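Accompanying notes for the structure given below.
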Amino acid sequence: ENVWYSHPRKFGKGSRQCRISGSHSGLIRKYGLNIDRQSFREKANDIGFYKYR
Amino acid sequence: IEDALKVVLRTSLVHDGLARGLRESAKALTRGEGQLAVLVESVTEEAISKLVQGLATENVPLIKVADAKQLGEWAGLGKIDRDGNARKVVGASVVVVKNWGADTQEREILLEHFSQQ
Amino acid sequence: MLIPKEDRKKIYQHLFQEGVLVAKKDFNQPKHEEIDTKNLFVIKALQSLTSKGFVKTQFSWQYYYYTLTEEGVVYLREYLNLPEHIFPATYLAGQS
Amino acid sequence: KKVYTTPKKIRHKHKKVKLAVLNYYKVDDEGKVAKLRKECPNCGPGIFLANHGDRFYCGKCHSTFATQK
Amino acid sequence: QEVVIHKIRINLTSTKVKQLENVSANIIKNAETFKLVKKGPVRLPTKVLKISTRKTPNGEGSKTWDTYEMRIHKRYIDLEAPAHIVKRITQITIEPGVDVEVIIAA
Ligand SMILES: [Zn+2]
């Protein structure tokens, strides 16, 4: 409820936020994925990226 | 006896309109909001009761009578869980009904008996 | 958590109407979708509801996945009084 | 982990302040009910104001209302 | 009863090539059966979506990189054809994977 609990979280690490764990380190924003690297590694074959070259 | 009591309390609970206590009751009274007020005839001081009556007079109608604890039980205050009561004890003090819900029964009959003889 | 009662009631009603609740782990934020309340409160309410059976919970991709059992539904109805034969979507209506 | 931090100063939170109250809405001996102190017209007559010292202040719309007399 | 020529572009999008090929074949067959003016399935530069990522989740170790890539196939078709019937045609036959998009203009 507090109108003093949050300052601007506009960019960098604020709005630039994870879409799996809730982390902030290693954020591939390419094609608007917003996934962490490690998670992506174990999921990319389902999202559709592979090891062709 | 008294169909527009328990049922009315239930309706109030459904639609949020049991201004239970003093301050809440007063608030309900101040404008055309509180339709029916239930007080206790047998309480300490009685000055408070008189004040309540005055406020009502300033909608007016009041159902008097005693039996505070029973009224409290009817209205539902505390923890239910089972089917009935399951508390220590709770009185009525002053309860002002702001809602009505469904008609029929003795809704207007009790009122007629009281306000309009 | 202590939620303003009316808001809580509204939330409950919405849940009943749906049979499904979301609200992500996006705390602090102004307002949830569909229901016009602060999210934290909603989440807490949901958790409370779950605590005794009632609802289901999954934390997947920070989403929260809230759906009620029939007993839970009944309890919800009791909480908000509401007459017989008012349906979420567990009771089938369409054709597929 | 490094342990213990004491810069002192501790407090509870706030008192409810119980009382018996309702000296407001004052009564004349069977005839008329009288409104003590002050009450807010902007929020609705009946909603009582608070008097402090050259200030009359609402509770429901707190920071919104201030009156001087 | 309408009979009005649209002159319409239809774009396909697919991560899978075989499915796309099948869809193209289907479209060609449809064109043949109804006898319609077309520009034969035109290929595009296939966008390869490269995400370069260190395979190590901690960083401690040798410098190993993996470029996780997704080759995306477009392929479009141009149909100079009538109205309602054409619309009906350009909706049916769906393979899992390939997305069919029909635009507008009359
Ligand atoms: Zn005010």
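Following the order of the structure tokens, first chain is A, next is B, and so on, with residues numbered from 1 inside each chain and ligands from 1 in the order they appear.
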
Compile the contact shell of region 33-43 of chain E as a PyMOL selection string: residues with an atom at most 6 Å away, counting only C-alpha atoms, same-chain residues fewer than 3 positions apart removed. chain E and resi 30+75-80

Counting only C-alpha atoms and all ligand atoms, which residues of chain D fall within 7 Å of ligand 1, and what is the closest atom pair for each with its distance in Å at one decimal, ordered by chain and rising number, as a tab-separated table?
```
residue	atom	partner	partner_atom_place_in_ligand_line	distance
D:40	CA	ligand 1	1 (Zn)	5.8
D:42	CA	ligand 1	1 (Zn)	5.4
D:43	CA	ligand 1	1 (Zn)	4.8
D:58	CA	ligand 1	1 (Zn)	5.1
D:60	CA	ligand 1	1 (Zn)	6.3
D:61	CA	ligand 1	1 (Zn)	4.2
D:62	CA	ligand 1	1 (Zn)	6.4
D:64	CA	ligand 1	1 (Zn)	6.0
D:65	CA	ligand 1	1 (Zn)	4.8
```

At a cut-off of 12 Å, using only C-alpha atoms, what residues contact residue 4 (chain C)? Leave out same-chain residues fewer than 2 positions from it and give the result as JSON, numbers by chain. {"A": [1], "C": [1, 2, 6, 7, 8, 9, 10, 11, 37, 38, 41, 42, 45]}

Take the residues just selected and output them with C-alpha atoms as an mmCIF file, in the first residue's frame.
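Ended up saving to part04.cif:
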```cif
data_model
loop_
_atom_site.group_PDB
_atom_site.id
_atom_site.type_symbol
_atom_site.label_atom_id
_atom_site.label_comp_id
_atom_site.auth_asym_id
_atom_site.auth_seq_id
_atom_site.Cartn_x
_atom_site.Cartn_y
_atom_site.Cartn_z
ATOM 1 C CA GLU A 1 0.000 0.000 0.000
ATOM 2 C CA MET C 1 -2.317 -11.009 5.712
ATOM 3 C CA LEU C 2 -4.914 -8.414 6.728
ATOM 4 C CA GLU C 6 -14.591 -5.807 0.843
ATOM 5 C CA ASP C 7 -11.626 -6.227 -1.506
ATOM 6 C CA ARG C 8 -11.075 -9.770 -0.219
ATOM 7 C CA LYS C 9 -14.760 -10.545 -0.780
ATOM 8 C CA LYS C 10 -14.521 -9.185 -4.329
ATOM 9 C CA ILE C 11 -11.460 -11.352 -4.999
ATOM 10 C CA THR C 37 -6.686 -4.926 -6.326
ATOM 11 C CA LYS C 38 -3.046 -5.018 -5.121
ATOM 12 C CA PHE C 41 -2.969 -9.237 -0.755
ATOM 13 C CA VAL C 42 -4.608 -11.465 -3.361
ATOM 14 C CA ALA C 45 -5.565 -14.703 0.456
#
```

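Residues in contact with residue 48 (chain B) at 12 Å, where only C-alpha atoms are counted and same-chain residues fewer than 4 positions away are skipped, are listed as residues 21, 22, 23, 25, 26, 39, 40, 41, 42, 43, 44, 52, 53, 54, 55, 93 and 94 of chain B; 20, 21, 22, 23, 24, 25, 26 and 27 of chain D.
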
Run DSSP on the backbone and tell me which residues of chain E come out as helix (DSSP H, G or I); list them as a VMD selection string. chain E and resid 17 to 34 84 to 89

Restricted to N, CA and C atoms, what would the selected residues look like written as a PDB file, in the first residue's frame?
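Now in again.pdb:
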```pdb
ATOM      1  N   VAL E  17      10.849 -27.343 -42.337  1.00  0.00           N
ATOM      2  CA  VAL E  17      10.922 -27.178 -43.786  1.00  0.00           C
ATOM      3  C   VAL E  17       9.954 -28.098 -44.495  1.00  0.00           C
ATOM      4  N   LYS E  18       9.901 -29.345 -44.036  1.00  0.00           N
ATOM      5  CA  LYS E  18       9.110 -30.387 -44.689  1.00  0.00           C
ATOM      6  C   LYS E  18       7.637 -30.005 -44.701  1.00  0.00           C
ATOM      7  N   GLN E  19       7.173 -29.537 -43.546  1.00  0.00           N
ATOM      8  CA  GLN E  19       5.783 -29.116 -43.360  1.00  0.00           C
ATOM      9  C   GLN E  19       5.456 -27.984 -44.328  1.00  0.00           C
ATOM     10  N   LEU E  20       6.378 -27.024 -44.406  1.00  0.00           N
ATOM     11  CA  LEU E  20       6.233 -25.861 -45.278  1.00  0.00           C
ATOM     12  C   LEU E  20       6.108 -26.310 -46.729  1.00  0.00           C
ATOM     13  N   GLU E  21       6.969 -27.250 -47.113  1.00  0.00           N
ATOM     14  CA  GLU E  21       6.994 -27.814 -48.464  1.00  0.00           C
ATOM     15  C   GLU E  21       5.642 -28.435 -48.785  1.00  0.00           C
ATOM     16  N   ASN E  22       5.134 -29.210 -47.826  1.00  0.00           N
ATOM     17  CA  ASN E  22       3.848 -29.888 -47.958  1.00  0.00           C
ATOM     18  C   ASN E  22       2.735 -28.870 -48.195  1.00  0.00           C
ATOM     19  N   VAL E  23       2.772 -27.803 -47.391  1.00  0.00           N
ATOM     20  CA  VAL E  23       1.774 -26.741 -47.475  1.00  0.00           C
ATOM     21  C   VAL E  23       1.813 -26.090 -48.854  1.00  0.00           C
ATOM     22  N   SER E  24       3.031 -25.838 -49.337  1.00  0.00           N
ATOM     23  CA  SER E  24       3.247 -25.225 -50.646  1.00  0.00           C
ATOM     24  C   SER E  24       2.650 -26.104 -51.737  1.00  0.00           C
ATOM     25  N   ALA E  25       2.907 -27.408 -51.623  1.00  0.00           N
ATOM     26  CA  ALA E  25       2.408 -28.401 -52.573  1.00  0.00           C
ATOM     27  C   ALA E  25       0.887 -28.366 -52.609  1.00  0.00           C
ATOM     28  N   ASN E  26       0.293 -28.325 -51.417  1.00  0.00           N
ATOM     29  CA  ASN E  26      -1.158 -28.280 -51.244  1.00  0.00           C
ATOM     30  C   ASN E  26      -1.730 -27.058 -51.958  1.00  0.00           C
ATOM     31  N   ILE E  27      -1.069 -25.922 -51.728  1.00  0.00           N
ATOM     32  CA  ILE E  27      -1.502 -24.651 -52.303  1.00  0.00           C
ATOM     33  C   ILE E  27      -1.451 -24.727 -53.828  1.00  0.00           C
ATOM     34  N   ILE E  28      -0.366 -25.316 -54.341  1.00  0.00           N
ATOM     35  CA  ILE E  28      -0.175 -25.456 -55.782  1.00  0.00           C
ATOM     36  C   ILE E  28      -1.290 -26.316 -56.374  1.00  0.00           C
ATOM     37  N   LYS E  29      -1.617 -27.402 -55.672  1.00  0.00           N
ATOM     38  CA  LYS E  29      -2.668 -28.326 -56.084  1.00  0.00           C
ATOM     39  C   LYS E  29      -3.999 -27.587 -56.171  1.00  0.00           C
ATOM     40  N   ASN E  30      -4.269 -26.781 -55.141  1.00  0.00           N
ATOM     41  CA  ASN E  30      -5.494 -25.993 -55.064  1.00  0.00           C
ATOM     42  C   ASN E  30      -5.593 -25.044 -56.251  1.00  0.00           C
ATOM     43  N   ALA E  31      -4.470 -24.389 -56.544  1.00  0.00           N
ATOM     44  CA  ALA E  31      -4.375 -23.446 -57.653  1.00  0.00           C
ATOM     45  C   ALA E  31      -4.693 -24.149 -58.971  1.00  0.00           C
ATOM     46  N   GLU E  32      -4.113 -25.337 -59.132  1.00  0.00           N
ATOM     47  CA  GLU E  32      -4.313 -26.166 -60.319  1.00  0.00           C
ATOM     48  C   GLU E  32      -5.790 -26.506 -60.517  1.00  0.00           C
ATOM     49  N   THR E  33      -6.443 -26.988 -59.456  1.00  0.00           N
ATOM     50  CA  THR E  33      -7.817 -27.518 -59.519  1.00  0.00           C
ATOM     51  C   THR E  33      -8.858 -26.435 -59.841  1.00  0.00           C
ATOM     52  N   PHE E  34      -8.660 -25.243 -59.281  1.00  0.00           N
ATOM     53  CA  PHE E  34      -9.572 -24.113 -59.476  1.00  0.00           C
ATOM     54  C   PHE E  34      -9.170 -23.201 -60.645  1.00  0.00           C
ATOM     55  N   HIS E  84     -14.945 -15.033 -52.406  1.00  0.00           N
ATOM     56  CA  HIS E  84     -15.401 -15.877 -51.309  1.00  0.00           C
ATOM     57  C   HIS E  84     -14.794 -17.267 -51.426  1.00  0.00           C
ATOM     58  N   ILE E  85     -14.839 -17.803 -52.645  1.00  0.00           N
ATOM     59  CA  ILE E  85     -14.315 -19.141 -52.930  1.00  0.00           C
ATOM     60  C   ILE E  85     -12.822 -19.190 -52.620  1.00  0.00           C
ATOM     61  N   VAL E  86     -12.117 -18.143 -53.046  1.00  0.00           N
ATOM     62  CA  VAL E  86     -10.672 -18.029 -52.832  1.00  0.00           C
ATOM     63  C   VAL E  86     -10.372 -18.022 -51.336  1.00  0.00           C
ATOM     64  N   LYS E  87     -11.167 -17.254 -50.594  1.00  0.00           N
ATOM     65  CA  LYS E  87     -11.032 -17.140 -49.142  1.00  0.00           C
ATOM     66  C   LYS E  87     -11.197 -18.508 -48.494  1.00  0.00           C
ATOM     67  N   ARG E  88     -12.220 -19.231 -48.949  1.00  0.00           N
ATOM     68  CA  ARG E  88     -12.529 -20.574 -48.454  1.00  0.00           C
ATOM     69  C   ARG E  88     -11.337 -21.500 -48.676  1.00  0.00           C
ATOM     70  N   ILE E  89     -10.783 -21.420 -49.885  1.00  0.00           N
ATOM     71  CA  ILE E  89      -9.627 -22.226 -50.286  1.00  0.00           C
ATOM     72  C   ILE E  89      -8.432 -21.937 -49.363  1.00  0.00           C
TER      73      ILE E  89
END
```

From C:66, C:87, C:54, C:59, residue lying nearest residue 22 (chain C) [only C-alpha atoms]: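 Using only C-alpha atoms, residue 22 (chain C) sits closest to C:66.
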
Surrounding residues of region 46-53 of chain A excluding itself and chain neighbours under 4 positions, 6 Å, only C-alpha atoms, as a list in words: residues 68, 69 and 70 of chain E

Keeping only N, CA and C atoms, take the residues you just selected and write them out as a PDB file, in the first residue's frame.
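Done, and the output landed in again.pdb:
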```
ATOM      1  N   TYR E  68      23.399 -21.344 -30.072  1.00  0.00           N
ATOM      2  CA  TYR E  68      22.130 -22.016 -30.275  1.00  0.00           C
ATOM      3  C   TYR E  68      21.353 -21.276 -31.350  1.00  0.00           C
ATOM      4  N   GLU E  69      21.148 -21.947 -32.480  1.00  0.00           N
ATOM      5  CA  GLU E  69      20.541 -21.317 -33.654  1.00  0.00           C
ATOM      6  C   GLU E  69      19.196 -21.920 -34.062  1.00  0.00           C
ATOM      7  N   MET E  70      18.310 -21.057 -34.559  1.00  0.00           N
ATOM      8  CA  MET E  70      17.042 -21.481 -35.153  1.00  0.00           C
ATOM      9  C   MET E  70      16.886 -20.877 -36.542  1.00  0.00           C
TER      10      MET E  70
END
```

Write out as a PDB file with N, CA and C atoms, in the first residue's frame which residues come within 9 Å of region 8-16 of chain A when counting only C-alpha atoms, dropping same-chain ones fewer than 4 positions away.
```
ATOM      1  N   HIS A  24      18.569 -11.940 -12.366  1.00  0.00           N
ATOM      2  CA  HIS A  24      18.884 -10.736 -13.136  1.00  0.00           C
ATOM      3  C   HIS A  24      20.184 -10.885 -13.923  1.00  0.00           C
ATOM      4  N   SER A  25      21.047 -11.788 -13.458  1.00  0.00           N
ATOM      5  CA  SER A  25      22.308 -12.104 -14.124  1.00  0.00           C
ATOM      6  C   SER A  25      22.074 -12.980 -15.350  1.00  0.00           C
ATOM      7  N   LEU A  27      20.909 -12.312 -18.857  1.00  0.00           N
ATOM      8  CA  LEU A  27      19.584 -12.177 -19.429  1.00  0.00           C
ATOM      9  C   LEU A  27      19.676 -11.955 -20.937  1.00  0.00           C
ATOM     10  N   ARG A  29      18.073 -11.058 -23.950  1.00  0.00           N
ATOM     11  CA  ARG A  29      16.900 -10.290 -24.355  1.00  0.00           C
ATOM     12  C   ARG A  29      16.658 -10.386 -25.869  1.00  0.00           C
ATOM     13  N   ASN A  34      13.828 -12.957 -22.676  1.00  0.00           N
ATOM     14  CA  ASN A  34      13.960 -12.649 -21.239  1.00  0.00           C
ATOM     15  C   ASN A  34      14.227 -13.869 -20.337  1.00  0.00           C
TER      16      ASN A  34
END
```

Near chain C, meaning an atom within 10 Å, which residues of chain B appear when counting only C-alpha atoms? Write them as a PyMOL selection string. chain B and resi 10-11+13-16

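The chain A residues that come within 9 Å of chain C are residues 1, 5, 6, 19, 20, 21 and 22 of chain A, with only C-alpha atoms taken into account.
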
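Minimum atom-to-atom distance to chain D, evaluated using only C-alpha atoms, belongs to B:49 out of B:49, B:12, B:117, B:35.
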
So which residues of chain E fall under strand (DSSP E or B) by DSSP, listed as a PyMOL selection string? chain E and resi 8-14+37-42+47-54+65-73+76-80+99-102

Would you export the selected residues with C-alpha atoms as an mmCIF file, in the first residue's frame, please?
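Final output, saved to again-v9.cif:
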```
data_model
loop_
_atom_site.group_PDB
_atom_site.id
_atom_site.type_symbol
_atom_site.label_atom_id
_atom_site.label_comp_id
_atom_site.auth_asym_id
_atom_site.auth_seq_id
_atom_site.Cartn_x
_atom_site.Cartn_y
_atom_site.Cartn_z
ATOM 1 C CA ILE E 8 -3.707 -10.968 -52.676
ATOM 2 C CA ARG E 9 -0.379 -11.907 -51.035
ATOM 3 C CA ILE E 10 -0.279 -14.988 -48.793
ATOM 4 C CA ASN E 11 2.737 -15.415 -46.516
ATOM 5 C CA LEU E 12 3.805 -18.602 -44.762
ATOM 6 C CA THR E 13 6.075 -18.903 -41.703
ATOM 7 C CA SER E 14 7.751 -22.123 -40.576
ATOM 8 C CA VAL E 37 -3.429 -16.830 -61.651
ATOM 9 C CA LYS E 38 -0.439 -17.240 -59.307
ATOM 10 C CA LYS E 39 3.200 -16.376 -58.720
ATOM 11 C CA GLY E 40 4.829 -19.737 -57.915
ATOM 12 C CA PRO E 41 6.038 -20.289 -54.280
ATOM 13 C CA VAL E 42 8.724 -17.653 -53.786
ATOM 14 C CA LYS E 47 16.651 -15.780 -41.046
ATOM 15 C CA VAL E 48 18.980 -17.768 -38.800
ATOM 16 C CA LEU E 49 18.358 -16.892 -35.142
ATOM 17 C CA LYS E 50 21.664 -17.177 -33.327
ATOM 18 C CA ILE E 51 21.966 -17.019 -29.539
ATOM 19 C CA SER E 52 25.622 -17.184 -28.528
ATOM 20 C CA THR E 53 25.888 -18.549 -24.976
ATOM 21 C CA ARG E 54 28.676 -19.922 -22.778
ATOM 22 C CA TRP E 65 30.780 -21.173 -26.468
ATOM 23 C CA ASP E 66 27.646 -22.515 -28.079
ATOM 24 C CA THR E 67 25.622 -20.608 -30.649
ATOM 25 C CA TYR E 68 22.130 -22.016 -30.275
ATOM 26 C CA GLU E 69 20.541 -21.317 -33.654
ATOM 27 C CA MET E 70 17.042 -21.481 -35.153
ATOM 28 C CA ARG E 71 16.801 -21.330 -38.943
ATOM 29 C CA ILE E 72 13.427 -19.794 -39.833
ATOM 30 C CA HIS E 73 11.816 -20.338 -43.236
ATOM 31 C CA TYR E 76 5.426 -16.591 -49.762
ATOM 32 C CA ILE E 77 2.820 -16.900 -52.549
ATOM 33 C CA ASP E 78 1.037 -14.261 -54.665
ATOM 34 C CA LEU E 79 -2.516 -15.058 -55.826
ATOM 35 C CA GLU E 80 -4.417 -13.015 -58.421
ATOM 36 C CA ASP E 99 1.742 -20.920 -39.960
ATOM 37 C CA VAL E 100 -0.381 -19.615 -42.845
ATOM 38 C CA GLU E 101 -1.114 -15.882 -43.099
ATOM 39 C CA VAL E 102 -3.507 -14.396 -45.669
#
```

Just checking: using only C-alpha atoms, which residue out of B:47, B:77, B:18, B:4 ends up closest to chain D?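 Ranked by minimum distance to chain D, first place goes to B:47.
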
Which distance in Å separates CA of residue 14 (chain C) and CA of residue 24 (chain B), to one decimal?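 These atoms are spaced 28.0 Å apart.
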